[PDB]
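One structure is given here, and the rest of the page talks about it.
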Amino acid sequence: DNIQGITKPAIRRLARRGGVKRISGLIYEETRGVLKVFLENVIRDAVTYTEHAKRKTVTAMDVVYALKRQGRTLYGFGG
Amino acid sequence: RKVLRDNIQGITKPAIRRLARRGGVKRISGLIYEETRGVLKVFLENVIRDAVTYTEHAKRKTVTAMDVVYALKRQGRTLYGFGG
Amino acid sequence: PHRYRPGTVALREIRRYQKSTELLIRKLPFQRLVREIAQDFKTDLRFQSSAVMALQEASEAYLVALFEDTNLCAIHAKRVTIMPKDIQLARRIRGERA
Amino acid sequence: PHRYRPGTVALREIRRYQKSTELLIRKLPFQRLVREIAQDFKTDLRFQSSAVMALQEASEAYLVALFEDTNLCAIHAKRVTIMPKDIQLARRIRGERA
Amino acid sequence: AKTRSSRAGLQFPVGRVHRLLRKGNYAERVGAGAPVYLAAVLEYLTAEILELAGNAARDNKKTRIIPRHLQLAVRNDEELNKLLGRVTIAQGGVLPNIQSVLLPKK
Amino acid sequence: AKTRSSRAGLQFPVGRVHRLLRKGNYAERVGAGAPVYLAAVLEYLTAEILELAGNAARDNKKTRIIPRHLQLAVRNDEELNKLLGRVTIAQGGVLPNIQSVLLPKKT
Amino acid sequence: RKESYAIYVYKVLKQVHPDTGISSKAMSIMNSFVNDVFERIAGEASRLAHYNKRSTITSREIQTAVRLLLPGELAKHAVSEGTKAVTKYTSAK
Amino acid sequence: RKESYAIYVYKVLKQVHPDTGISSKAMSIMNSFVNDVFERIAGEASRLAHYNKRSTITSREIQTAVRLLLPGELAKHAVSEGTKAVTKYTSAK
DNA sequence: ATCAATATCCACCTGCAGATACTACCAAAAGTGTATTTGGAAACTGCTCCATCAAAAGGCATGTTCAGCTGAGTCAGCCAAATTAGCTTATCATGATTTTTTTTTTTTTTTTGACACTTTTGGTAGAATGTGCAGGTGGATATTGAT
DNA sequence: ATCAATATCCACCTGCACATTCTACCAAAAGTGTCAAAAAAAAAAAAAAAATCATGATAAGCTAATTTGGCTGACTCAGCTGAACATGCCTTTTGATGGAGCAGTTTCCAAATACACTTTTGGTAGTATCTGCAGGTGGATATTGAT
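Chains B, F, A, E, G, C, H and D, in that order, are what the protein sequence lines are. PDB author numbering numbers the first residue of the first sequence as 24 and each following residue consecutively. PDB author numbering numbers the first residue of the second sequence as 19 and each following residue consecutively. PDB author numbering numbers the first residue of the third sequence as 38 and each following residue consecutively. PDB author numbering numbers the first residue of the fourth sequence as 38 and each following residue consecutively. PDB author numbering numbers the first residue of the fifth sequence as 14 and each following residue consecutively. PDB author numbering numbers the first residue of the sixth sequence as 14 and each following residue consecutively. PDB author numbering numbers the first residue of the seventh sequence as 30 and each following residue consecutively. PDB author numbering numbers the first residue of the eighth sequence as 30 and each following residue consecutively.
Here it is as structure tokens:
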């Protein structure tokens, strides 16, 4: 597990907001795939931001600063 | 000194097609040939507008290429080959 | 007895969440994952509640939009079932696969 | 009198231009469309001989790279004929249209 | 009791901007007008934002203003939306939209 | 009489990489090790691309690189491509490809 | 010690709707809005500056930078207040 | 005079491909490349500092940047080719 | 299963644009040496807060069944738009010239930053008052699903 | 359309939580008067580059027409999903205690910025030298659509 922790009827909650009509079977995974890859990409850059600051913990900024350089900005935790 | 108008038509159906191959296209509809032009019109206006804007700040009358270039870079369409 | 033609508690959920902002993810199956992942980069990593809560946002909101973009992709094909094939497209046409 | 079946000029044609790197749009009609649009932004503007090509290479490349993002859409819906309803999507997913 | 902010009649930290502007290394030398003009554009937007963001509480009777207030505004405004088009507001949700075809009768 | 470039073993101008680092003022003090490391990455990346670039010229039986190659090389390399994925090579044309359904098949 | 635009956000909030507050989770969303914008207009102003060899950002830069960033009409008004804010600064002790 | 790396490219150019040629059209695309990369890195570097209240840019930043701006295999290689260059310098003269 | 007409093309030969070298030499540039500063690091540790429980409460997940569905197989008329030739315009590559815009250099008039000195402020930390948001409880209204 | 079958918005609310008021304190901050740097501001003047123009020359756009085939609306079984719902797992949330860790601080080392001085270089410039890739030509091969 740890990837499957992302519950099926829940993914549909997110699918909901997007105005997802019905849904599918093979989707849930295809999705589990994206989400994962999205993550790595951020976390990596972040984890790298964390490590530049001789830390062990990953701050809020640590992420922000990643999400920025990655194109997907995020207002709200910059404080 | 001659009134410029309707040059979005110089983008002839021929060429409008010539590109489309390189883009890997086979069958091309008909409403198409226009819809394209009027996209390119929007492209140019978004760039020129910035290019020209980097020209006015320079107290210039001459749209230089750096001008343009810096305008593509600023839009996400970074271009290599014209100095800069 | 009374059931529901496939649509209602699909819609009243749509209508629901689209009307809400709360997170649609249990703060752990996830956060664990989040931890799994990071390790693949560094050891004994700590995460300010603040951090994991961000990705959480980002990560979800992201999935959201991809879905919208996804949807059309399907509807584009005169259907209404978000098929795997869709994503592929959407995420390719975006840039995620080019 | 000989011809070439429906579509055996295209597949031919394509192959032709894909290995080339010369600008399609004619240089002249383009340049005018350029000075026309910069005109209605700033009257009396001069353009460096080059800076216009800067715009053509750019403008081109773009168009060429949206047809692509087009088939990948028409094709999505078993067709092989590019149409506005298509382009439009490609642009919407691409996050463009306004 | 006069500060550049005061004389320029401004409600934003017009003083710290001349600091932040150099600290960020966005140069060396900073003229004296810029630090101002900047603040202004800054003050303007902030309000223009909160504004549209405000009427949002008038729409969802609540008086105060929470994220969804801003988010609902921005998206519902052309300009802003464009400007924020690649920014994501935490606790924003989407917009009650259903590509027609997804509803009943066909 | 000995350049820093030869001091550190590279070729790209170390000092130039330094001076520019200032004239841009990306920070207050450009340390002493940085410019080196930089000119260093730049030398790598340049050699990395010219190589896949030449080879491209070798295939196309030419002995003079012309953008088409640079492009040909940059598009045909998973990595480099993503580095340049938002950059456009003037005069580079696209990659020789075609979709499949477009192909004329079935007897 | 930490900083923030928070107060000046309120002082201005306290200029459009004296009868209104702001959730803490909307303040930061307003801190990050501002904080962000600055960084934009600035660098764009910084570049403007370094594109001309000039060693100084001026009101001009900030403008040709504001015009470059903010959209159509949302851009014109912007240039406005700005100018004002400035033009009032000049004549005022 | 306009500065340019048309030589540091060329030198490197022969090294890999001794008897190969490089057009003007392409040497340009290349001068535009080194440069792009520079700014790109020289900027994330610049940034890290600020991100960590530092006034100096160092091989400590240029690295974290390369690891940030450069993808996989490429990166791991730059960091390397880099480190070396530094070390050998910190032992040159 | 052959056939001719079409066109892509393997190699060849050749001449001027384009790339390669020669070469002096300049001012900007980068190395070298020395006084002088200070950035941030090694070290000490206070105060934030991240991890790990165990409790409890039940909701949100999961696993099976059921029918209504629309996704996918399937065919076939109308008609969109491929394509192939019939003519003449607007582009272009030669080639240069006109005139105006940008770049080179130079004087002084204004603007800015830094230096050491006042004085102003907005966070910091409790403590604290007041306003309303959560959400939950009463319920007819509400949509839709089969009769 | 009627009616049971299962779920939403208005509403009265009031508990608890937190949005706001104050009270004071200062650690850093914003402005002041002054001084000397420098940058912008301007300004007559060489150098480069764009617009303007003639011209033969034309493949490239245009445009009519002929027509193979994709576009498109429809028939229809069935694989697929929502829906419907009931055994029950672990995610929340109170609530906590503990200890890793990041943050505040004081001093010194070594690293860096600044001026001194020397002189290495990479770039403009008149210069010619040199070579290849483009443009013509012959014709070999593979494609192609009808017989």
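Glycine is no exception: its CB is placed at the ideal position from the N, C-alpha and C atoms.
- In the DSSP secondary-structure assignment, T45 of chain E is not bridged to any residue.
- Listed in chain order, the non-local C-beta contacts of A94 of chain H below 7 Å within the same chain comprise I70, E73, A74 and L77, local neighbours out to five positions each way being set aside.
- When the Cα atoms are used, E56 of chain G and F25 of chain G turn out to be separated by approximately 6 Å.
- Using a CB distance below 8 Å, the part of the segment 69–81 of chain D facing chain B consists of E73, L77, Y80 and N81, ordered along the chain.
- Between the C-alpha atoms of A83 of chain B and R96 of chain D there is a straight-line separation of about 20 Å.
- At least 9 Å separates the CB of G48 of chain F from every CB of chain C.
- Selection D:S109, D:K122, D:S120 and D:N60 evaluated against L51 of chain C yields D:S109 as nearest (Cα-Cα).
- Straight through space, the alpha carbons of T58 of chain A and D81 of chain A are spaced by roughly 32 Å.
- Counting only Cβ-Cβ distances below 7 Å, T71 of chain F has contacts in chain H at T93, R96 and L97, in chain order.
- For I112 of chain A, the three-state secondary structure derived from DSSP is helix.
- For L100 of chain E, there are no neighbours in chain A by C-beta distance under 8 Å, as the nearest C-beta there is about 16 Å away.
- DSSP places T101 of chain C in the strand class (E or B) of the three-state scheme.
- Scanning its chain for C-beta atoms nearer than 7 Å, with the 5 sequence neighbours on each side dropped, one finds around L97 of chain F the residues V87 and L90, in chain order.
- Contact between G67 of chain G and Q84 of chain G does not hold, since their C-beta atoms are separated by about 14 Å, which reaches or exceeds 8 Å.
- With 16 or more neighbouring CB atoms inside 10 Å of its own CB, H31 of chain G falls in the buried class.
- For chain G, the residues of the segment 36–64 of chain B that bring a beta carbon within less than 8 Å of one of its beta carbons are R40, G41, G42 and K44, in chain order.
- By a beta-carbon distance limit of 8 Å, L126 of chain A contacts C110 of chain A. Their separation comes to about 5 Å.
- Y118 of chain H and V43 of chain G do not touch by the CB rule: their CB atoms are close to 15 Å apart, not below 8 Å.
- Boundaries of the alpha helix (DSSP H) around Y88 of chain B: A83 to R92.
- By the neighbour-count definition (other C-beta atoms within 10 Å, threshold 16), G101 of chain H is an exposed residue.
- Closest option to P47 of chain D, judged by alpha-carbon separation, among C:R99, C:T76 and C:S113: C:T76.
- Straight-line measurement puts the Cα of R40 of chain F at about 9 Å from the Cα of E50 of chain E.
- Taking every protein chain shown into account, the CB of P80 of chain G has 16 or more other CB atoms within 10 angstroms, so this residue is buried.
- Contact check for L22 of chain F and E73 of chain E: beta-carbon distance about 4 Å, within the 8 Å limit, so the pair qualifies.
- Close to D85 of chain B, with beta-carbon spacing below 7 Å, are these residues of chain A in chain order: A88.
- The DSSP-derived three-state label of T80 of chain B is strand.
- Between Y54 of chain E and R36 of chain F, the gap from beta carbon to beta carbon is short of 9 Å.
- With respect to chain F, the C-beta atom of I62 of chain C has no partner C-beta closer than 9 Å.
- Between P121 of chain E and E63 of chain F, the C-beta gap is not smaller than 9 Å, which leaves the two residues out of contact.
- Using beta-carbon distances, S109 of chain H does not count as an interface residue toward chain B, since no partner is under 9 Å.
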